[PDB]
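Chains A, B, C, D, E, F, G, H and I are the protein sequences, given in the same order. My numbering puts the first residue of the first sequence at 11, with every later residue one more than the last. My numbering puts the first residue of the second sequence at 508, with every later residue one more than the last. My numbering puts the first residue of the third sequence at 11, with every later residue one more than the last. My numbering puts the first residue of the fourth sequence at 6, with every later residue one more than the last. My numbering puts the first residue of the fifth sequence at 590, with every later residue one more than the last. My numbering puts the first residue of the sixth sequence at 508, with every later residue one more than the last. My numbering puts the first residue of the seventh sequence at 39, with every later residue one more than the last. My numbering puts the first residue of the eighth sequence at -10, with every later residue one more than the last. My numbering puts the first residue of the ninth sequence at 567, with every later residue one more than the last. Written out below as structure tokens is the structure these notes cover.
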Amino acid sequence: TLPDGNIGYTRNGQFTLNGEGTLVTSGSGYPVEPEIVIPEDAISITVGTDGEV
Amino acid sequence: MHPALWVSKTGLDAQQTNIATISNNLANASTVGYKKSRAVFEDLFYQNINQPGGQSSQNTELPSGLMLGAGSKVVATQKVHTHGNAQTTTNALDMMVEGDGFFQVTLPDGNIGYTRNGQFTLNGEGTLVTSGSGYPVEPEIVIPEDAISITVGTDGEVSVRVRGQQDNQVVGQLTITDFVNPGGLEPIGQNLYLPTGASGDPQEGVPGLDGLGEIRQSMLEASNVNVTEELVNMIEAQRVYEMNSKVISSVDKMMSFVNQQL
Amino acid sequence: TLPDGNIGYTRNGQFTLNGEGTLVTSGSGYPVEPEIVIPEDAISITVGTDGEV
Amino acid sequence: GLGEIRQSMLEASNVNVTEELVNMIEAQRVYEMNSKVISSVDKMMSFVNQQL
Amino acid sequence: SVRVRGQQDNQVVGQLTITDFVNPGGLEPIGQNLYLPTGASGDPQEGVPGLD
Amino acid sequence: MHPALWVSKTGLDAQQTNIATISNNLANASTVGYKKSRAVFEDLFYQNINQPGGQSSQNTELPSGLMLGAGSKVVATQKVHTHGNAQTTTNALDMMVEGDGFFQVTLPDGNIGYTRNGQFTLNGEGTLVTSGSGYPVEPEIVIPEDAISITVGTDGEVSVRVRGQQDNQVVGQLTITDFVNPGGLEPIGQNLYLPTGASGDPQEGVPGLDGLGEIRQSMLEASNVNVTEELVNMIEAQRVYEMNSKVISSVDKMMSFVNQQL
Amino acid sequence: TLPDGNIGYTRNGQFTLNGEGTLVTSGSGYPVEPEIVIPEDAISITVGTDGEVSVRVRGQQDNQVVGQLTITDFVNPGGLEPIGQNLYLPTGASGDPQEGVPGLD
Amino acid sequence: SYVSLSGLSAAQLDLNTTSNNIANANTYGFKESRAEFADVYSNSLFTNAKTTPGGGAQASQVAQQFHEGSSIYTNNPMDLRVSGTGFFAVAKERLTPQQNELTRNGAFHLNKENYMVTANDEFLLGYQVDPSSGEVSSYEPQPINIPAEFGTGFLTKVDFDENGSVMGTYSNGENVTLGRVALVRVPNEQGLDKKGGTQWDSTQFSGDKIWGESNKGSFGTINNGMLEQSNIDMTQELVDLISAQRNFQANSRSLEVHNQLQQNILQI
Amino acid sequence: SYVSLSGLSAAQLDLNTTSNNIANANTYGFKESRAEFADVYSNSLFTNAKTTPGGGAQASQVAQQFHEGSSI
């Protein structure tokens, strides 16, 4: 999600989490669409081949 | 003077920051409770000479265009907050957080600093302080002078043994703090972190419950750096560094050639 | 196929795809005769020695 | 026809340092080749101005 | 056509047309890199450039 | 700019393709059921300046014609589908094919992928799946919850022994697939293959009958890589790599000399 | 056998199998003259010095002869025209192709 | 160099997996781990398909080989071992026994409350059987209590039969069945996620916990006076250590070769 | 190295079988075991065999020799 509202496309996969737990990029911290909010109760994160997290 | 000179300058600068980050990880290969860092590379803006997708004519559009990049830079130094291995020690005052959590200490200015290092000790008054600058641990844990031994429970309940009296006398309760994004903490040195906007609001609670780790007495958490990966990463970063110097060296020769000829 | 309609002959084989998947030249973007459209479900393109795409 | 998500994996840059350096060698020489023509034209016009 | 941020596809703002003459030498130069049509220049033939 | 520059570029690129093939084999030196690959070289077209056999004068033809080559390239990466060594393990769910044949698994998209890797396990529902991404084996083999021992016969018949019944209770049958040219299979990663036009039509059948191999339980097939051959090939390919770089170095010095002099 | 119909002569020996089992080159996949088709009833392929290709059938104690390779020599192999892909074409100065059993004459 | 670096990481993983197995040669109830690797082959629409050098070697999964280990005899009635298939059920909190974990070591003892607990002061779970009844009455697992006094009479000896029933004889010569140790099985033992202290928890890949007695159905028996050592083989771990070093040296040689190719062009 | 590693495993299996027999030298009704081994020579259609060495040693079956023992 670009700040202006448009959708940016990246082959870079280095992602991380922000304070609210949304899966964002490791650069400027733009959120990754669709939103993937990691719950605070999670102990592991798995992303399937078909993209199911 | 030349576009390639500035592009390669960014490449040289980017690899210098990457090599500096790797060299820092090698330096802190024995620092207890250290989290290694990795540099994240990204390309700079692109100069739009010809639009990749313009209208060269009716019913015909430019499939690709002429766009020149500006180089690269290191956008962030991301911390890898994965747990290091546990070291078994004989000291009765060094503790380790087995899982998520941070020890909290009191800074001289008044704010609370959060640390992963567990090498603690006592000061002249018996309050539990860090073995470095001596910052008191929050909440204060004062060991009475009548104690013959010190035991720290899994849930952080610090207890002492008083001679003659049966059962352990509880002197305090340690509380550890968890963050949603541990990589967003600002490193202030002395194995201490300060919360930032990206880190999130500190989540305090008793260790062992509500997702927090467990306090392991007489145990230390080593640094999570892998020296094998650091040496290989230095190998690759050095090669990219010398390749960007070749472009600068090549551009310098051309400008000298043009000065003599043109 | 030139924009005016005539056919220009080129020895330059640097081709690419347009938005519709037609095999076009990598420069101005003139379609190649005969039209070679790559389906959106393809994962690899093999062009034969005898010109069979 | 879409690709698959690979967790705990990253895609390195596809640049071939062998081609980049060799292309730099050829680009530098051809750049020097064109400077020779301009220098030759410059010397030719200097000769004409002095002679004609 | 121009490129506008936030909208896919270049939008067309207009089209250029050029004028041809049978005898360009009959154009009357008026300076400023400009010419004017004359009786011997010919008939101004407008049209989409690249055609006819 | 110079013909020897382009030819040496093809030589450099081919050796990089060869070394990348050898480096891939060395990386997968411990992969189960991995087939090593070798790079096949072939010369490119020859520029026809003087035609060999052309009638240079009557009753006489050019014995050797002036034909300049265009370099070389790796035309194919051939998979050496020779049987590997057998590893003996105490696991009852890892099988091996003694001879020609491939295990068939169900890909997420629905197609059937062929694997020589026999490291299998069970999921929560008791279906026999691969120990990797968990792709179920075709046909489905479900282990009942009352089973105390699992045995896979030579003919691939899967049977279990249930507490309270003499004689094994058959729960399924394994079928393996062979190909006329297994070297034409497409490597899709995760030790899986897919049939191609050059591979041929898949042919199923019971293991042991009609050329198909035999299923060996508690046994794994090691990679057929010979690191001794891989290491020597890298040294040879490195020497040929430096042979072509000297030609580029020679050509560059030639072009530099002409610019300075001519 | 080249796609155009003619015969290309090669010193390369890296051969493989196509989908139909025909012995083909390991590069572009040209069939080898004469065609050598290995049936799917074979467990091992042995090629003799004299070029006799024989395969061994399961459940059969006898070699099944499935082909006979013939090689062509040229008086002046240096006169062949290199066409790439490790292939040669005969020319006027190369001489007439002389084909026979690989090991006689 | 990424293919070379992938091989180094794959060889290093096999070192770390083997080293942990060697480290736990004496821990009771340990299950050795095996490193499994898979191939990488990545192709796009714009990449040649005939020439396909691999992407390296990816770690597939570190397994949790669950074969039975050898039994050490201590002649201690509170040392228990499951011979066959099944796990002990151990709860960290007495009040809440639903939050439990599976363990294989049976180094149990009685705390001040005379509850059969592990070395970590965690309560062992078992079934409740009446002193006069036979089989399990209520199948809900509860912590096993061995009262000091029953009747009165004071606890004298505790023994476990092959059915896992804990029987206590007291001063008055009264033999009482105090319950039986619960045994837990999962359809996929490979799917258990690893906690600390040789303890596992049921996951989605391991199926749902199956509660049963010992020597019943597909479960194994419970033997007292025994413990399980690690299921590792010292000679095999020490040889594998040998093979894993050679693959990290071969891969590092390939990384060195790729370096000297890049240094080669930088001098033209 | 796999052929050599197979030889260690085959020799180690024989060693374990002998140790089990010695450990049960006193138990009543025990029947000794014998470890039997077999070769490994797999080849394919792409592997000229005249010049291919074997695959090592494979354990065939551990027997349960049932000959009558002495009486006490």
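Backbone N, C-alpha and C define an ideal beta-carbon position, used for all residues, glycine too.
- With a beta-carbon spacing of about 7 Å, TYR104/H and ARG83/H fall inside the 8 Å limit used to define contacts.
- At a cut-off of 7 Å between C-beta atoms, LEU681/B does not count as an interface residue with respect to chain D.
- Judged by DSSP in its simplified three-state form, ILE221/H adopts coil rather than helix or strand.
- For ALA80/G, the residues of chain I that pass the 7 Å Cβ criterion are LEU611, in the order they occur in the chain.
- Residue-level contact check: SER575/I touches chain F, since one or more beta carbons of chain F fall below 7 Å from its beta carbon.
- Annotated as distal: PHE612/I and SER626/I, with beta-carbon spacing of 7 Å or more.
- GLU58/G is the residue among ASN44/G, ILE81/G and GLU58/G whose C-alpha sits nearest the C-alpha of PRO709/F.
- When the Cα atoms are used, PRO689/B and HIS588/B turn out to be separated by approximately 7 Å.
- At least one C-beta of chain H is nearer than 7 Å to the C-beta of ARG746/B.
- Annotated three-state conformation of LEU681/F is coil, per DSSP.
- Taking the Cα positions, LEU2/H is about 7 Å away from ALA24/H.
- Annotation: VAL46/D to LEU15/D spans about 53 Å, alpha carbon to alpha carbon.
- The stretch 162 to 171 of chain H and the stretch 121 to 139 of chain H touch, with no fewer than 3 CB-CB distances between them shorter than 8 Å.
- The Cβ of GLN53/H sits no closer than 7 Å to any Cβ of chain B.
- Restricting attention to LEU118/G, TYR126/G and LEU142/G, the CA atom closest to the CA of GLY133/G is found in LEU118/G.
- When Cβ-Cβ separations below 7 Å define contact, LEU15/D makes contact with chain A.
- Within the stretch 584 to 615 of chain I, the residues whose Cβ lies closer than 9 Å to any Cβ of chain G are, in chain order, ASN609, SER610, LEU611, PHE612, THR613, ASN614 and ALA615.
- Secondary structure note for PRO510/F: its alpha helix (DSSP H) is the uninterrupted segment 510 to 534.
- The beta-carbon of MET29/D is placed less than 7 Å from the nearest beta-carbon of chain B.
- Using a C-beta cut-off of 8 Å, the stretch 574 to 581 of chain F makes contact with the stretch 545 to 559 of chain F, since at least three inter-stretch Cβ pairs fall below that distance.
- By the neighbour-count criterion, in which a residue is buried when 16 or more other Cβ atoms sit within 10 angstroms of its Cβ, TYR19/A is exposed.
- In terms of beta-carbon proximity, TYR621/F stays away from the interface with chain G, with every pair separated by 7 Å or more.
- Residue environment for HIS633/I: exposed (fewer than 16 other C-beta atoms within 10 angstroms of its C-beta).
- According to DSSP, residue pairing for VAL539/B in a beta bridge does not occur.
- Straight across, the Cα-Cα distance linking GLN523/B with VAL34/C is about 42 Å.
- Every unbroken stretch of the beta strand (DSSP E) spanning 3 or more residues and falling wholly within the stretch 686 to 765 of chain B is given here in chain order: 693 to 696, 699 to 701, 710 to 712, 721 to 724 and 726 to 728.
- In the DSSP annotation of this structure, the continuous segment of the alpha helix (DSSP H) that includes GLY(-4)/H starts and ends at -9 to 12.
- Within the stretch 209 to 255 of chain H, the complete beta strand (DSSP E) segments of 3 residues or longer fall at 210 to 213 and 215 to 217, listed in chain order.
- Per DSSP, reduced to three states, the secondary structure at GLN54/H is coil, with no helix or strand assignment.
- Boundaries of the beta strand (DSSP E) around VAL62/G: 61 to 63.
- Beta bridge pairing from DSSP links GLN611/F with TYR621/F.
- Rounded to the nearest whole angstrom, the CA to CA distance from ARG723/F to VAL604/F is 6 Å.
- Identification of chain I residues near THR224/H by a Cβ-Cβ cut-off of 8 Å yields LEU574 and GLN578, ordered along the chain.
- Counting the other Cβ atoms within 10 Å of the Cβ of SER203/H gives 16 or more, which makes it buried.
- Sequence-distant Cβ neighbours of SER666/B in its own chain, meaning closer than 6 Å and more than five residues away, are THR658, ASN675 and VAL677.
- Judged by beta-carbon spacing, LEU113/H lies within the 7 Å limit of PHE97/H, meaning their Cβ atoms are closer than that value.
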